[PDB]
Amino acid sequence: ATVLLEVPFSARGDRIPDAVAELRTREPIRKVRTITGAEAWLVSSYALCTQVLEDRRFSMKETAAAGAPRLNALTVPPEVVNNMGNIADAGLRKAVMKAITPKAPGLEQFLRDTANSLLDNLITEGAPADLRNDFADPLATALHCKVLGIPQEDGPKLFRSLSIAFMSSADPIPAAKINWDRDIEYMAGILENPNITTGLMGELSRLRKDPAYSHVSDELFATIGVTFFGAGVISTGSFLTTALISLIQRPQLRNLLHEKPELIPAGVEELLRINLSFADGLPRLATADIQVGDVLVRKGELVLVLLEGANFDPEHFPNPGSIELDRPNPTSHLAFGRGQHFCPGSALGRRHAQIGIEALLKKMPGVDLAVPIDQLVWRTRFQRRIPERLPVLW
Ligand code: HEM
Ligand SMILES: Cc1ccc2cc(N)ccc2n1
Ligand SMILES: Cc1ccc2cc(N)ccc2n1
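In UniProt numbering, the protein residues as written are 3 to 396.
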């Protein structure tokens, strides 16, 4: 006897397992067991993934209900899974969205200046350099301090919560509550701090004292700061790190982007499409009985939308494992989701990766891995796939 197929399949972010294409062809929705022991429906074709993400009867918020089959344990309060919903209900969606666009005056120059300073410090120190810990993550942390309006020197301590906050664990994590409560107290202090007048926290601090928002809770305001810092920093640092691996492993493309930097936006869109940074399918709970392909998903069951299942589907992206800069459907991948919950940080995430890549290719045009690829250590039981260190020379 064999056991029910377990997810996730591999924590490696540098290769897609051959199993995914076999599942997609044979059984694009099928039962799997998650790390909690729950059953779920794993959805792996582009057609069926888009169906589930575009049907709100597959609910994000209901994944937090007591008693439901779980992908992993909550690392935040259950009402917090619903954070964007709550932002919208408080009338704060347009203001949050405006504050996190990469369009603010000087923001792109700040990203460039910060990427160049981090790269000059690595060049001074000499090879090997670690492009995750000493490049992509500090660039993500400095960008999000600037976008929030909070001091750059507060970025490292907020960042240190993330290796626990974004765990994908079978059981509750006592350190995640200690760090969440601390980080909420920090963001509540920021809303009372008269020096914080710019970015997303300066805007929320003003709206807090405006009569049109006098009954929005102080818990929501602090929560938006902790959730957007952590989600933005983990998502952009982890995607930049694993896109740098895919670029370094393609020297022909690396040289083409170095020679024609105007192609970096189209290269970043293909690196988003092939990115394996999400370690688990996106979870949803059925709120009704709904036909998905050959399966009737029933009310209360867990569905997992496998982003690389959709993004490597050759029926939608022919020659899916190849980076092609002239596809006719280049932004139609699911790297930022789809539907009601499509990432509000999409533009910021694209600009962070374009600027970090442009700066790296100008400063270190000979960048290459300093260890054999199989020597990267892939973090396990985490919501992202990331190498613990990314050693390069140039
Ligand atoms: C390359 C970088 C990023 C990637 C690949 C990314 C990916 C995603 C994906 C796949 C979703 C959908 C989750 C779902 O439907 O279950 C999402 C949602 C979200 N993202 Fe991003 N993200 C990125 C950057 C950011 C940034 C920069 C921020 C904020 C500063 C951010 C904040 C959020 C929030 C708050 C949600 C939940 C939206 C809702 O529930 O309606 N993300 N992200
Ligand atoms: C439930 C949830 C909430 C916020 C999220 C933010 C992201 N960048 C990615 C996935 C997210 N998922
Ligand atoms: C045997 C079985 C299996 C899964 C079911 C899910 C439901 N929502 C209702 C009845 C069910 N019955």
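Just so it is clear, CB atoms sit at the ideal spot from N, CA and C, and this is done for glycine as well.
> First and last residue of the beta strand (DSSP E) that includes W43?
Replying inline: Residue mapping note: residue 43 aligns to position 41 of the sequence shown, counting from 1. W43 -> beta strand (DSSP E) spans 41-45.
>> Between which two residues does the beta strand (DSSP E) holding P267 run?
In response: For the purposes of this step, residue 267 is taken as the residue at position 265 of the sequence shown. It is not in any beta strand (DSSP E) - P267 instead sits in the alpha helix (DSSP H) that spans 266-275.
>> By DSSP's criteria, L371 is part of a beta bridge. Which residues make up the other side?
In response: Taking the first residue of the sequence shown as position 1, residue 371 is located at position 369. The bridge partners DSSP lists for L371 are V394.
> So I325 and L246 are in contact, right, with Cβ under 8 Å, and what is the actual spacing, rounded?
Replying inline: As a working note, residue 325 is residue 323 in the sequence shown. As a working note, residue 246 is residue 244 in the sequence shown. Not confirmed; about 14 Å, so no contact.
> Is any heavy atom in ligand 1 found nearer than 7 Å to the beta carbon of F230?
Replying inline: Walking along the sequence shown from the start, residue 230 turns up at place 228. Under cutoff, so the answer is yes.
>> Please give me, in chain order, every unbroken run of the alpha helix (DSSP H) with length at least 4 that falls completely inside the region 62-142.
In response: The alpha helix (DSSP H) runs lying completely inside the region 62-142 and spanning 4 residues or more are 85-91, 95-101, 109-127, given in chain order.
> Listed in chain order, which residues are found with a beta carbon closer than 5 Å to a heavy atom of ligand 2?
Replying inline: Cβ atoms closer than 5 Å to ligand 2 belong to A233, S237.
>> Tell me the rounded alpha-carbon separation between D291 and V297.
In response: The residue labelled residue 291 in the question sits at position 289 within the sequence shown. The residue labelled residue 297 in the question sits at position 295 within the sequence shown. Each residue's Cα considered, the two are about 10 Å apart.
>> Just to be sure I understand the criterion: a residue counts if its Cβ is closer than 7 Å to at least one heavy atom of ligand 3. Which residues meet that?
In response: That query returns the following residues: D291, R300, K301, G302, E303.
> When DSSP labels each residue in this structure, what does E8 get in the three-state scheme?
Replying inline: By one-based count along the sequence shown, residue 8 stands at place 6. Of the three classes helix, strand and coil, the one that applies to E8 here is strand, per DSSP.
> So who's on the other strand from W380, going by DSSP bridges?
Replying inline: Here residue 380 refers to the residue found at position 378 of the sequence shown. According to DSSP, which records beta bridges pairwise, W380 is partnered with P389.
>> Would you call the region 64-83 in contact with the region 333-353, where contact means no fewer than 3 C-beta pairs closer than 8 Å?
In response: Of all C-beta pairs linking the region 64-83 to the region 333-353, fewer than three are shorter than 8 Å, placing the two stretches out of contact.
>> Out of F384, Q385, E390, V9, which one is the CA nearest neighbour of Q377?
In response: As a first step, residue 377 is located in the sequence shown; it is residue number 375 there, counting from the start. Taking only the C-alpha atoms, the option nearest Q377 is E390.
> When the Cα of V235 is compared with those of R383, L249, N135, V5, which residue comes out closest?
Replying inline: Within the sequence shown, the letter at position 233 stands for residue 235. Checking every option, the nearest Cα to that of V235 belongs to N135.
>> Restricting to Cα atoms, I'd like to know which of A144, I175, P346, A361 is closest to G87.
In response: By 1-based counting over the sequence shown, the position of residue 87 is 85. Comparing Cα positions, the closest option is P346.
> For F161, which three-state DSSP category applies?
Replying inline: By 1-based counting over the sequence shown, the position of residue 161 is 159. Here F161 sits in helix by DSSP.
>> Any beta carbon of chain D sitting closer than 8 Å to that of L392?
In response: Protein chains in the displayed structure number just one, and chain D is not present.
> Between which two residues does the beta strand (DSSP E) carrying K33 extend?
Replying inline: The residue you call residue 33 lines up with position 31 of the sequence shown. Its beta strand (DSSP E) spans residues 31-35.
> Alpha carbon to alpha carbon, how far is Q53 from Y188?
Replying inline: If you number the sequence shown from 1, residue 53 lands on position 51. If you number the sequence shown from 1, residue 188 lands on position 186. The straight-line gap from Cα to Cα measures roughly 40 Å.
>> Per DSSP, what are the beta-bridge partners of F60 in this structure?
In response: Taking the first residue of the sequence shown as 1, we reach residue 60 at position 58. In the DSSP output, where bridge partners are listed per residue, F60 has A288.
>> Going by DSSP in three states, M366 sits in which element: helix, strand or coil?
In response: Here residue 366 is taken as the residue at index 364 of the sequence shown, counted from 1. Annotated three-state conformation of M366 is coil, per DSSP.
> So does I18 have its beta carbon nearer than 7 Å to some heavy atom of ligand 1?
Replying inline: By one-based count along the sequence shown, residue 18 stands at place 16. For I18, the shortest separation between its Cβ and any heavy atom of ligand 1 does not lie below 7 Å.
> In whole angstroms, what separates the C-alpha of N85 from that of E29?
Replying inline: Locating residue 85 in the sequence shown gives position 83, where the first residue counts as 1. Locating residue 29 in the sequence shown gives position 27, where the first residue counts as 1. Distance between the alpha carbons of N85 and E29: 33 Å.
> Across which residues does DSSP place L327 in a beta bridge pair?
Replying inline: The residue given as residue 327 occupies position 325 in the sequence shown. None, per the DSSP bridge assignment.
> How big is the Cα-Cα spacing for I37 and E310?
Replying inline: What you label residue 37 is simply residue 35 of the sequence shown in a count that begins at 1. What you label residue 310 is simply residue 308 of the sequence shown in a count that begins at 1. Rounded to the nearest angstrom, the two C-alpha atoms are 19 Å apart.
> Quick one: complete beta strand (DSSP E) runs, 3+ long, within the region 300-344?
Replying inline: Counting only runs of at least 3 residues, the region 300-344 fully encloses the following beta strand (DSSP E) elements, listed from N- to C-terminal order: 304-307.
> Terminal residues of the continuous alpha helix (DSSP H) containing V228?
Replying inline: Locating residue 228 in the sequence shown gives position 226, counting from the first residue. From DSSP, the alpha helix (DSSP H) with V228 extends over 220-250.
> Would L25 pass as a contact of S12 if the rule is Cβ separation under 8 Å?
Replying inline: Locating residue 25 in the sequence shown gives position 23, counting from the first residue. Locating residue 12 in the sequence shown gives position 10, counting from the first residue. Against a cut-off of 8 Å, the Cβ pair of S12 and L25 comes out as no contact.
> When the Cβ atoms of the region 208-221 are set against those of the region 145-158, are three or more pairs found closer than 8 Å?
Replying inline: Inter-segment contact for the region 208-221 and the region 145-158 is absent: fewer than three beta-carbon pairs are separated by less than 8 Å.
> Nearest to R35 by CA position, among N74, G15, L55, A3, is which residue?
Replying inline: Taking the first residue of the sequence shown as position 1, residue 35 is located at position 33. Closest by alpha carbon: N74.
> Does the beta-carbon of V379 have 16 or more other beta-carbons within 10 angstroms, so that it is buried, or is it exposed?
Replying inline: On the sequence shown, residue 379 is found 377 positions in, with the first residue counted as 1. So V379 ends up on the exposed side.
> Can you list, in chain order, the residues of its chain whose CB lies under 8 Å from that of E41, leaving out five sequence neighbours each side?
Replying inline: Counting from one through the sequence shown, the residue named residue 41 turns up at place 39. Excluding residues within five positions, the ones whose Cβ falls inside 8 Å are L6, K33, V34, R35, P71, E303, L304.
> Any chance the CB of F168 is under 7 Å from a heavy atom of ligand 1?
Replying inline: On the sequence shown, position 166 is the one that residue 168 refers to. For ligand 1, no non-hydrogen atom lies closer than 7 Å to the CB of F168.
>> Could you tell me the alpha carbon to alpha carbon distance between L50 and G295, rounded to whole angstroms?
In response: Walking along the sequence shown from the start, residue 50 turns up at place 48. Walking along the sequence shown from the start, residue 295 turns up at place 293. In a straight line, the C-alpha of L50 is about 7 Å away from that of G295.
> Nearest CA to the CA of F344: which residue from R383, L284, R353?
Replying inline: Counting from one through the sequence shown, the residue named residue 344 turns up at place 342. Of the candidates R383, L284, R353, the one whose C-alpha sits nearest the C-alpha of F344 is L284.
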